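In structure tokens, the next block holds one chain alone, the form deposited in one PDB entry.
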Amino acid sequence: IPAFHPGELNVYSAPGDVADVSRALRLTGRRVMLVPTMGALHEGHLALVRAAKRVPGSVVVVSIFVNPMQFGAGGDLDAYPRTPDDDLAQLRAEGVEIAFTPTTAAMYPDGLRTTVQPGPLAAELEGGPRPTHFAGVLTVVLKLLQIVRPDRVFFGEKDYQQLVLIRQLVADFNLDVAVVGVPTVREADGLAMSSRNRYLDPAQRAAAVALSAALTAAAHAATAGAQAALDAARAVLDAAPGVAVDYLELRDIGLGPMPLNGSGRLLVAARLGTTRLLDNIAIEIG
């Protein structure tokens, strides 16, 4: 067991160190909670941390690892925001006891060898133009789950397709962990918090409110049916200056091979300049 200081933030980079500490804690009765992140922490991540912290007898592990495998090109990987010092400052302020910060070499000593092949959902929506993105996400999450062996793992609803794919991973591989989805944290005007929001200039920040406005308009319009909901959302997006919609789709909640029937999810992706923003909302039809 590496040194562990209860009540303080303990940072471990070696997978073996966090694995040993987690096992030891689990053996003494504490329930290990895992919050996987790629760093650049904001209030949305803190909500995941808080959800984890409130589980009785919990010890929280926040992993910070910008996973190369889920980036389609080195350019995107190099562009990903990195603010390590602020991240750890936020974790200490939150009372987090463990941050797991592995190196790329420790996670991929053999490059891409055995990997996770997601189901068909990975080739749609976000996966359409980025066919290997979700295999990258599921492979790293599977590894993080095996290293930490948490009782529960927390993900934000903002990246809803990712959340669904992780539930598929857990069910399909018989993983003994509970997946907890946490509601999206939003700015005062409705904008979904995201590390990519820092790339919106003042005008784009103003126009970006259209995504959340379109989704909530659609959710209330839905009493009149799917067409009314989608058209309300389209009208709001169309009134927004400089917002180029990638997709706007209403799907069954599992996003799978099932038609929309009562409870659904409305998902949107749009570009403001070079920044691609995502958002989604629960929708009840009729």
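Shifts are known only where both forms have a C-alpha. The term rigid core refers to the most C-alpha atoms you can superpose between the two forms while keeping them within 1.5 Å. One-based numbering along the sequence shown.
Separately, the form deposited in another entry exists; it is not shown, and the next lines address it.
When the two forms are superposed on their rigid core between the shown form and the other one, the C-alpha shift of 2 Å or more among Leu260, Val55, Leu248, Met38 belongs solely to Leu260. In the other entry, the separation between the C-alpha atoms of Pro257 and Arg251 shrinks by 3 Å or more relative to the displayed form. Panel note: the distance between the CA atoms of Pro257 and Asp231 is smaller in the other entry than in this form, the difference being 3 Å or more.
Remark: 73-75, 256-261 are the runs between the shown form and the other one in which three or more consecutive shared residues have Cα displacements of 2 Å or more on core superposition.
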